[PDB]
Amino acid sequence: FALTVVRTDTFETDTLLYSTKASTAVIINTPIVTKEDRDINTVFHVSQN
Amino acid sequence: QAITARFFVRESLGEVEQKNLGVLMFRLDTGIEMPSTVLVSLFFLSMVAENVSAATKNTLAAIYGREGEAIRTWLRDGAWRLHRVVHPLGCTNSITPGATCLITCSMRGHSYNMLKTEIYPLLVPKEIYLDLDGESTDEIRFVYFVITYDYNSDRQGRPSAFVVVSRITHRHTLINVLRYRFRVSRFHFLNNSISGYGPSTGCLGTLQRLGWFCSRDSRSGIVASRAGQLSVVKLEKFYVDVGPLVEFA
Amino acid sequence: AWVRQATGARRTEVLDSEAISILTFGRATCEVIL
Amino acid sequence: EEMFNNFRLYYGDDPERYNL
Amino acid sequence: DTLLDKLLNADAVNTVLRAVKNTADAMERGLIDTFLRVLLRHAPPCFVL
Amino acid sequence: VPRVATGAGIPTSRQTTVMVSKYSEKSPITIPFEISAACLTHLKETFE
Amino acid sequence: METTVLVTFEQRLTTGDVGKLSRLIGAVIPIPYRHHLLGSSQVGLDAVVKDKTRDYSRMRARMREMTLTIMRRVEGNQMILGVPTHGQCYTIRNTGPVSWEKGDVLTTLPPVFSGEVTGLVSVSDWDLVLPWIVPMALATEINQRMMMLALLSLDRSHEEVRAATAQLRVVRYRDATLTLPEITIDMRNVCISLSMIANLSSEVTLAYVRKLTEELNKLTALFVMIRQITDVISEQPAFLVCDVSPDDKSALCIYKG
């Protein structure tokens, strides 16, 4: 018999990105802060959607 | 929010700890009737666990095994270890350079110096710690204390103990991953288990939760005092949660 | 087996642990022989 | 006011570039 | 006319207006299209001419 | 939609102003930041 | 601050009983359920020790399934019982005979009047028998000595195991000791389960050793007994003391499950 050997190879590549002026529109919110409490410190996740 | 408790520790047991805070302390109503109620260092039970090799074992026995070979290891080494006699309660606060050592051991939380300037790490010595680790860990590795014997001669033969640190929270999966590498102990455990026809032995291992810690700031290291150096492992933001004594075999 | 043909129950209702829990601590009618 | 704002903003302040 | 009439009236008027304005676009481009197609049918190719 | 007239047999599409149904993708972004209980205590209790 | 369940008394209150309750402000209470109603018939281990057929394994299982609560205050005929919550620091009271050391793991068991009877504020066929609040390994060892009394107690007909039960008979802890009741049908069914495990352990896995509906019948009658005997072992320790008040009246603890 005969063989086919296949193989993908990974290439780090700087990929450019071109768009139009105000292509997609973003609406973001005023962020909310949750207070997770630990006995040694307090962690605050700010979270803006 | 953390609960701490001032405890009677002997001034001939306040050492190590007093040099560099952070240890486990076990309590026990032992055999001699005059000093029955005793609290115990993790380095002090390291000289009872066989897993600490005899050089390091007798090294910290040269630190304070004077008290150990006074009455106490004749009640722990000499009088045979039960997991019943020892109970873990957590990591020391209040160094206490007073007349009689009154060490305020924590119950649950991240063991801290007061005023929130210094966090007390848990100093788990090296030979009781490392060898039951699981995988590469991320931020909330859990600490379990496991005493594991192996049946040799005297219906138990030898006591030994471990401090297993694992992300695996669950009881039965944790005892199965113990049963992975403890096949040898359950060989000779089965051997004297079938030796005892009428007499008895007492089973293999005993697991309990101890808490969790930061575990990416986890690193090993060393302390040094009277009777020299002592290679240990430093567990930084050690949350304390003493779990139930869950036995396996 | 003939009673279980005429007893209604094709086989024995096996011992539930819920039933052992009342063995350790003791619509529908029920009958009284007279 | 609310009704005239339904006609002003919720139809579109500009009748060109879209029509709500 | 609680302005529901006003928005439906403007909606019907804008439907009519948008139909007529897309018609003006389609009509001018169709004039473009069929003038171009006549010019192609009456334009012999370059090597021929 | 901009369409375009013809006189040939092809019917240009009657559908003026084709309906498009687009939506808004959402993606929350969260940053944790820590403050020690020591820092909170040196804000709160505030000794001599 | 916490959940709080009220008790109304059917009894016309005795001032001496109110005084004993005001002594027992810090006590702990056995309760079936955290419905906000509680009757005197519901409150107490009276509801456990009323069927004198029944014995220590079902006593322990009732104290497992029924809510462990802390006495808070008494207001006339009503009684304030604050239900504890896991993680908070609570003042409780030592009603059992066993003294308390600091840091100790603390565990509910039902009290036993075998030699160490200690009654309460009882009026009109209801006592407020509070559970023994006893250390963890000591509680497990109480139950182990009870199950070996119910095992070895059949051979009272022989002097040897008669002497073995009389040699067992007794549980000694720090500075406070107690005798233990003889079982010569809860503990009987418990040791029926134990004896089926013991018989069938030499009977059901012998052809599994060589590799590693009858078998399902046998292992079913093994494993359901295994479940019913395992359920009465894990002591579920209620408290964990930070400091003990001296003379052993009370102790500030943290509550566990």
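Please note: Cβ atoms are built from the backbone with ideal geometry, for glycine as well, and neighbour counts cover all protein chains shown. Bear in mind these aren't lab numbers, they're just calculated from the coordinates by the rules spelled out.
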Seminar exercise, completed: Within region B:55-164, DSSP-loop GluC sites (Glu not before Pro) with at most 15 other C-beta atoms within 10 Å are B:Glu118, B:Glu135, B:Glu139
Problem set entry | Overall dimensions of chain F by Cα: Rg and Dmax, Å | 32.2, 96
For this session: For chain E, find the longest principal axis of its Cα atoms and tell me its angle to the long axis of helix E:4-41, 0 to 90°, nearest 10.
Result: 0 degrees
For this session: With only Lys, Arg, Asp and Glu charged, each at its Cβ (+1 for the first two, -1 for the last two), find how big the charge dipole of region B:54-112 is about the Cα centre; round to the nearest 20 debye.
Result: 180 debye
Problem set entry | Cut-off under 5 Å, modelled amide H: who pairs with B:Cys101 long-range | B:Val9, B:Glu11
Seminar exercise, completed: With the dipole of region B:1-155 defined by +1 on each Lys or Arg Cβ and -1 on each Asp or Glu Cβ, the option from B:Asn93, B:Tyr151, B:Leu122 whose Cα lies farthest towards the positive pole is B:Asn93
Exercise. When the gyration tensor of region G:14-168 is built from Cα positions, what are the square roots of 5 times its three eigenvalues, in whole Å, from largest to smallest?
Worked result: 31, 18, 14
Seminar exercise, completed: Counting other chain Cβ atoms within 10 Å of each Cβ in B:108-119 and taking the mean gives 4
Exercise. Can you give the three extents of the C-alpha atoms in chain E along their principal axes, from longest to shortest, in whole Å?
Worked result: 71, 11, 7
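Counting other C-beta atoms within 10 Å, and keeping those with at most 15, which DSSP coil chymotrypsin sites (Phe, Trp or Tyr not before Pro) do you find in region G:85-155? Write down the numbers at each step before the final one.
Working: sites: G:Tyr90, G:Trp100, G:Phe113, G:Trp126, G:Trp132; in loops: G:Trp100, G:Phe113, G:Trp126.
Filter output for region G:85-155: G:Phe113.
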Exercise. Taking θ as phi - 60°, what are the ³J(HN,Hα) couplings along region D:11-20 by the Karplus curve (6.51, -1.76, 1.60), each to the nearest whole Hz, with x for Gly and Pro?
Worked result: 9, x, 5, 9, x, 8, 6, 4, 9, 6
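Stick to the Cα atoms of the protein assembly as shown, pair each with every other, and give me the Kirkwood hydrodynamic radius in Å at one decimal.
Details: mean 1/r = 0.0304 Å⁻¹.
32.9 Å is the Kirkwood radius here.
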Exercise. Using the Kirkwood formula over every pair of different C-alpha atoms, what hydrodynamic radius in Å results for region B:53-165?
Worked result: 16.8 Å
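Identify the chymotrypsin sites (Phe, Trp or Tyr not before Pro) of chain A meeting these criteria: DSSP loop state and at most 16 other C-beta atoms within 10 Å of the C-beta. Don't skip to the end; give the middle numbers.
Values: sites: A:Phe1, A:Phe11, A:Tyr18, A:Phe44; in loops: A:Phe1, A:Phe11, A:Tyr18.
Taking chain A and a limit of 16 other Cβ atoms within 10 Å, the loop chymotrypsin sites (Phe, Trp or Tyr not before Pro) found are A:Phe1, A:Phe11, A:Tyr18.
Given 10 °C and 1.306 mPa s, compute D for region B:12-71 with the Stokes-Einstein relation, Rh being the Kirkwood radius over Cα pairs; round to the nearest whole µm²/s. Before the final figure, lay out each step's value.
Working: Rh = 12.1 Å.
The estimated diffusion coefficient comes to 132 µm²/s.
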Seminar exercise, completed: Each residue of F:25-37 has, on average, a number of other protein chain C-beta atoms within 10 Å of its C-beta equal to 6
For this session: Could you please state, rounded to a whole Å, how far the C-alpha centre of region G:130-153 is from the C-alpha centre of region G:3-43?
Result: 28 Å
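So, with +1 on the Cβ of K and R and -1 on the Cβ of D and E, and no other charges, what is the size of the charge dipole of region G:126-192 about its Cα centre, to the nearest 20 debye?
Details: 7 positive and 8 negative charges, 19 e Å.
Charge dipole, region G:126-192, about its Cα centre: 80 debye, nearest 20.
B:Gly243: net charge of surrounding residues, Cβ under 13 Å, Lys/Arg +1, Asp/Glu -1, itself excluded? Don't skip to the end; give the middle numbers.
Values: positive: B:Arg108, B:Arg171, B:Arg209, G:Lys256; negative: B:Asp241, B:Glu247.
Around B:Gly243, the surrounding residues sum to +2.
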Exercise. Radius of gyration and Dmax for chain A's Cα atoms, expressed in Å?
Worked result: 23.8, 68
Problem set entry | Karplus 3J(HN,Hα) series, Hz, for region G:32-37 with 6.51 cos²θ - 1.76 cosθ + 1.60 (x for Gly, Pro) | x, 7, 8, 4, 6, 6
Problem set entry | Where the Cα pairs of region G:122-229 fall when distances are cut into 5 Å bins, in % | 2, 9, 15, 15, 15, 14, 12, 8, 5, 2, 1, 0, 0
Exercise. Viscosity 1.567 mPa s, temperature 4 °C: Stokes-Einstein D of chain B from its Kirkwood Cα radius, in µm² per second?
Worked result: 70 µm²/s
Problem set entry | Peptide B:88-94 - average C-beta neighbours from other chains (10 Å radius) | 1
Problem set entry | Using a Förster distance of 45 Å, the FRET efficiency for G:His86-A:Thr20 (Cβ separation, nearest 0.05) | 0.15
Problem set entry | Paired Rg and Dmax values of region G:123-173, which use every Cα atom, in angstrom | 15.0, 45
